[PDB]
Amino acid sequence: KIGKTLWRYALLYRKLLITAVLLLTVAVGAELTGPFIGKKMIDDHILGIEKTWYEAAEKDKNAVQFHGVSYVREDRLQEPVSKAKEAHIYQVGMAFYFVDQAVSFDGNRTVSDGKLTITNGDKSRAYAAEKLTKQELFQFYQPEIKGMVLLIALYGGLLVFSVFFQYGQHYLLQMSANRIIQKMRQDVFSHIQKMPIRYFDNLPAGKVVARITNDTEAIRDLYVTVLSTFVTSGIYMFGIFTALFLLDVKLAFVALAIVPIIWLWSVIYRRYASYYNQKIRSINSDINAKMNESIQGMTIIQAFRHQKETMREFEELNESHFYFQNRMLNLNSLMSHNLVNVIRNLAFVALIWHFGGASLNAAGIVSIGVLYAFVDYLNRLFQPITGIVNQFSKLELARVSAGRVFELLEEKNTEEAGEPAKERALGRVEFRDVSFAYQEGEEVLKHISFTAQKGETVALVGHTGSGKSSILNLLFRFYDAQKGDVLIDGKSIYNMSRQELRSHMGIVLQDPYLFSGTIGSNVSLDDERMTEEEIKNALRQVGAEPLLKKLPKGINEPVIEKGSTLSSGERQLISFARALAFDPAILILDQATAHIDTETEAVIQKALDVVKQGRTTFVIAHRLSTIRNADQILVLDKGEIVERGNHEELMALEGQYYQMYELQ
Amino acid sequence: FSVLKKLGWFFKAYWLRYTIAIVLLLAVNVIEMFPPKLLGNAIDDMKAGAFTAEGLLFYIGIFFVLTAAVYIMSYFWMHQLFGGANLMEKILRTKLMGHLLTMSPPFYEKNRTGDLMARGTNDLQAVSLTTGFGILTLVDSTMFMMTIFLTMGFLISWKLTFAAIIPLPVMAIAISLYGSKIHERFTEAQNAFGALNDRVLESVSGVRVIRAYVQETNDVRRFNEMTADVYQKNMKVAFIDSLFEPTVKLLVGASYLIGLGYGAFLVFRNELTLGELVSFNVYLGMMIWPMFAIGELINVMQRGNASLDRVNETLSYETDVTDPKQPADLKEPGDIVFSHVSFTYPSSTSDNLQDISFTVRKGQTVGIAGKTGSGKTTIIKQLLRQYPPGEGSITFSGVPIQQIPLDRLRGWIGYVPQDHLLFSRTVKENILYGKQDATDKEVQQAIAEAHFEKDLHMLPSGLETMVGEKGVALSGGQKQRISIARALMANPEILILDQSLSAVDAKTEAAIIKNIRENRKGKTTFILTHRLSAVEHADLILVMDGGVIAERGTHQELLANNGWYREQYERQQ
Ligand SMILES: CCOc1ccc(-c2nc3ccc(-c4nc5ccc(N6CCN(C)CC6)cc5[nH]4)cc3[nH]2)cc1
Ligand SMILES: CCOc1ccc(-c2nc3ccc(-c4nc5ccc(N6CCN(C)CC6)cc5[nH]4)cc3[nH]2)cc1
Ligand SMILES: Nc1ncnc2c1ncn2[C@@H]1O[C@H](COP(=O)(O)OP(=O)(O)OP(=O)(O)O)[C@@H](O)[C@H]1O
Ligand SMILES: Nc1ncnc2c1ncn2[C@@H]1O[C@H](COP(=O)(O)OP(=O)(O)OP(=O)(O)O)[C@@H](O)[C@H]1O
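Listed in order, the protein sequences are those of chains D and C. Per PDB author numbering, the very first residue in the first sequence carries number 2; after that it's consecutive. Per PDB author numbering, the very first residue in the second sequence carries number 2; after that it's consecutive.
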């Protein structure tokens, strides 16, 4: 399946992924420690005054002076005196009131007539208290300052370690993704090179290139999604809930309600947004298609005045686009960020309710630090929810692209083999009962059989032009082992390796594709062995076909366009040059139908007079000069054989030569 | 900010939507300041002894009310703004298409199809992004940021506020810097990926050559491996992308830590409470998004200004030279005078001048012969009034060509171009393209006159069969016949055929020409074929060479004097 193969490629480079996850985990732990440090700083130091105090002799440094009386805190005690003037510093509104006497029990504190009255339910009890001045409160807050430049230092110290590891994990997840995609692109291209011509002849080049390049970018986005959005946030959320359960289990089990919420919202968003975004993408493609059809066919519209109806169709598509886009806007409004803000405010509600209930009875004294920690953690929790949800909605297109690639990778009937080039063939080609049905139903070749001689085999002609011709170029090597047999020098074509067949053949297409790079690179194709020999053959090329342009005075001219950058004739010159460079042992030239028959073709004719010096130069003799200058001629009757003879065809069937003279 | 001055027509037309949206947006940006301060007040009340369940119910109810208000108002401003954005995209698609429809070949000769189709996709999306998300980031960067700042200052503390906010502008400028560098390196890697795509397309298209000369597992594998190692230099992008999150985390964590520490020092000095400190950490979480939004607004408005300039360069900076300002004419009896007319396209500075002197009358079939590239199509292109008018004059039965109503004029001409282009529709709809009224029996007679109907009922799955966009059962002659049938279904006063007959041999096409000339019954017809068979039946024939009339007259005078006519008549057969 799709996910199985993605896991297969990801288990490769497992060291980088495991390193990334570990660095991530450390960074997450470090980053999430900070709010727990804030909890410590709140509940211990800033709320330590709320904790009980004792009176002891001023021997320890922890003890703090209060109007000449030294009071030491319970948590900070060394057990010198128990129940020795127990004291409470309760808070009445914005005024911390000192209660020297041992407070019996907490409650709703109120200050009346310079006396503190504490009420708990029905019962109430009063004590004497004195309002503290700013200085006194600060002095009592002094036995914490010393311990607050460790908590702060820890927060600072665990925030500059997390940062480096966070950089590390993001880089490693990236590196792992791009390396996996590198391996995937290399594997796909190697499998392309093994695959047959039939796959290319079915669909255009665009689908192939999309599978190699564009779909692999989609898979890169998938891997970065899964790793940086799902896995990262998953580990983050796990650590967050770990901390929340270490803080308050009862409230954390409320906070876990967000996970079913995310499940529900991401499921609904998928279910609807897949439909809406599919329709938007389809309609946008339809709109761009309408614009391209219009611009290409504007003159025809103007001629017949179809512009009003065309604009009506365009506005129909555009208004449907606007409808679906507005519906998706409604969904995203109700269910992307506004919902996050809702969840955030409701979380604050749950906090206020729970901690208010704590502020009732006597469980709300040390808990406000937990409130701060929850408030800090939940913002970290609700941030990536939108990213998770949107990427979950977007995963389906990436799974589609990945499946389209793994269809290509999992294809069978590959042409894998070696390339023996041990000896040069003589070129005694022959055929016996050769019948090849490319369309399985339709027979394209009907028992063709002819014996080419040892060189000077120039016998090829289409069925009066544009009939059953070019497929014979495909007959030898691209399609094989259907029926009949074909031999070269007394040995079978099918038994030999296909690269061994191609090791000595050389073909000029009807549309020679000029490769990128230099003209020397376009000819030699950057062959490693043929570096200096490319220049040695370039001497022969300039001697035979001189550089009339000669823009850089060498072979450094970069090829700019795919074909006919300089002239249509130069394309053929480069093609014949590439043919003569590799091997003149066997070669099949183009049909030259597309060419205009300018004077430059005469130079190509001279190149033919060079190129026919080689061994067994097949030529689809469409041109009159190619017909007359042929050593032998073989016109085919729809894959069958009319006859053989340069003059015998002229004698018997005068209409063929006359028709080719009329056409050419 | 400049682009918002340019789109004043859009905001003036839709002032109500944007006014309502900005009102709700400022209202909810004010209302978001209340939940954290209420939480802080609740903490301070809990710490205080006066806490009661009535306070709990009050804070809970107020939170629910503010929550629902923020959700509802959020939905409505999102709907209004982003509906305005999608609506601007609709309007600009409509404007661009209405411009392209009312624009002649010259504009396409200058501006390639790729650029115009790019304007319809990227530039409109950028402009719509500015009217939507751009306005939003302008609001959230200025008003939300300053509201957060002023609330943190007044309602909590000014010392804390100015201490804690010091790293956030550093975050803002760092985000702008990293965003710029990511854009540069992503452009570089995208260029590398484009190179990879070009090389793979070259290998795929030239796969026969890569197989023929044995470079299957030798050279193209090395090229794809090396270029994939170059596309692996998106690690240079990752080095900058991976500083985006940790820089933010570092600065924000420092801001939280400043807030915590200084708040814990101010609570010691009795300048703050715990709840105000907690509310500060909440507002610090609110404040992060604006500091991103500043950089995103800069990028968005710059890209939108560029896109709007690019759109208006076509829309506002182009106008067709075609203005029937005062039509006072009626359907003319084919006495069309070209006594002198001369012009060029912009492809030369009046050097390769086409320079013609001719006249025709109703029923005068005007065959036009010549070699390739020799002006034959150019004269009818001038008759079609696609380009601005040449020197001299073309006159229709007394009135010049320029004064004729353009719609009526272009409706007189039933024109079959050399490129039989189909619209990727059904054959019936392609034929009714000419006569866009409701279908009747005339379409069957019209396609029967084309002579392709005998093949159309059987071979291409009947009439209702998709053709175009690679269609089904394609053929150039069949497309030519469908084009001729389209022209016939238009029922033109003036028929023009440019090389449509050349696809099929002269044996059927000559009979088709004869049947057309029989059916028209004296309507004007122009024939432009490289062959001379159809031309032979023309009552008037002319031969052009180099954009100049070599000879003109009947077929007999050409066969006597013009050697090119007899020689080409003999060469084809
Ligand atoms: C053709 C159009 O196409 C669109 C293009 C972009 C977006 C779009 N992409 C976005 C990414 C993030 C945000 C966004 N992220 C936010 C984080 C916090 C906040 N708050 C909450 C609420 N208040 C009001 C402001 C601060 C708002 C936020 N808004 C909005 C976005 N809007 C929508 C439509
Ligand atoms: C520890 C403290 O807690 C944290 C709080 C917030 C973040 C945080 N880190 C972020 C990194 C990036 C973004 C963010 N990335 C964006 C990418 C694109 C865009 N827009 C949306 C769409 N439009 C069209 C283009 C620009 C906004 C974006 N906003 C938000 C971020 N929020 C990190 C820690
Ligand atoms: N992808 C394909 N699958 C099956 N058959 C194909 C395919 N491509 C071409 N052919 C065969 O090609 C035959 C004839 O046309 P071909 O493509 O050989 O060019 P042609 O018309 O002979 O022109 P040329 O003069 O250039 O050779 C058809 O019978 C057709 O079946
Ligand atoms: N739309 C155009 N824009 C620019 N130049 C043009 C345009 N149409 C024609 N030309 C110029 O005129 C040449 C072709 O002229 P024209 O089409 O009159 O020749 P033709 O022999 O009538 O062609 P055909 O008879 O095959 O249609 C072009 O190669 C070019 O130089």
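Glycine included, C-beta positions come from ideal geometry on N, C-alpha and C.
Per DSSP, the beta bridge partners of residue 486 of chain D are D:433.
Contacts between residue 261 of chain C and chain D, judged by CB atoms closer than 8 Å, involve 39, 42, 153, 156 in chain order. In this structure, C:263 is the residue among C:549, C:396, C:414, C:263 with its C-alpha nearest to the C-alpha of residue 146 of chain D. Closer than 8 Å to the CB of residue 408 of chain C there is at least one CB belonging to chain D. Within chain D, the residues 289 have their CB atoms less than 7 Å from the CB of residue 122 of chain C, given in chain order. The beta carbon of residue 259 of chain D is closer than 6 Å to none in its chain, skipping five residues each way along the sequence.
DSSP places residue 371 of chain C within a strand segment (E or B) once states are collapsed to three. Here residue 264 of chain D is exposed, its C-beta having fewer than 16 other C-beta atoms within 10 Å.
Legend: CB atoms of the stretch 507-519 of chain D lying less than 7 Å from CB atoms of chain C belong to residues 507, 508, 510, 514, 516, 517. A contact between stretches requires three or more CB pairs, one per stretch, nearer than 8 Å, and the stretch 493-500 of chain D meets this requirement with the stretch 413-431 of chain D.
Here the stretch 496-515 of chain C makes no contact with the stretch 458-466 of chain C; the two share fewer than three CB pairs at distances below 8 Å.
By the beta-carbon neighbour count (other beta carbons within 10 angstroms, threshold 16), residue 351 of chain C is exposed. Along the stretch 134-154 of chain C, there is no position whose C-beta sits under 7 Å from a C-beta of chain D. Not a single CB atom of chain C sits nearer than 8 Å to the CB of residue 321 of chain D.
By DSSP's assignment, residue 116 of chain D forms a beta bridge with D:113, D:129. For residue 2 of chain C, no alpha helix (DSSP H) run applies, since DSSP gives it neither H nor E. Rounded to the nearest whole angstrom, the CA to CA distance from residue 253 of chain C to residue 44 of chain D is 23 Å.
Secondary structure of residue 79 of chain D (DSSP, three-state): coil. Per DSSP, the beta bridge partners of residue 96 of chain D are D:93. Of the heavy atoms belonging to ligand 4, at least one sits nearer than 7 Å to the Cβ of residue 500 of chain C. As a beta-bridge residue in DSSP terms, residue 344 of chain C pairs with C:355.
Between the stretch 598-612 of chain D and the stretch 513-531 of chain D, the count of Cβ pairs shorter than 8 Å is below three; the stretches do not touch.
Residue 432 of chain C and residue 598 of chain D have their alpha carbons spaced roughly 37 Å apart.
DSSP lists D:54 as the beta-bridge partner residues of residue 74 of chain D. Residues of the stretch 173-193 of chain D with a Cβ closer than 8 Å to any Cβ of chain C, in chain order: 175, 176, 179, 180, 183, 186, 187, 190, 191, 193.
Listed in chain order, the non-local C-beta contacts of residue 169 of chain D below 7 Å within the same chain comprise 24, local neighbours out to five positions each way being set aside. Cβ contact annotation for residue 556 of chain C (same chain, cutoff 7 Å, sequence separation greater than five): 537, 542, in chain order.
Set against 7 Å, the gap from the CB of residue 378 of chain C to the closest heavy atom of ligand 4 is smaller. The alpha carbon of residue 189 of chain C has as its nearest neighbour, out of C:234, C:62, C:415, the alpha carbon of C:234. Distances taken from the Cβ of residue 472 of chain D to the heavy atoms of ligand 3 include one shorter than 7 Å. Here DSSP, grouped into helix, strand and coil, assigns residue 417 of chain C to strand.
With respect to the C-alpha of residue 104 of chain C, the residue from C:387, C:172, C:355 having the closest C-alpha is C:387.
Between the C-alpha atoms of residue 198 of chain D and residue 213 of chain C there is a straight-line separation of about 12 Å. Taken through DSSP and simplified to helix, strand or coil, residue 551 of chain C comes out as strand.
By the criterion of a C-beta distance shorter than 8 Å, residue 175 of chain C is surrounded in its chain by 248, 252, once the five residues flanking it on both sides are discounted. Inter-residue distance for residue 311 of chain D and residue 564 of chain D is about 36 Å (C-alpha atoms, whole angstroms).
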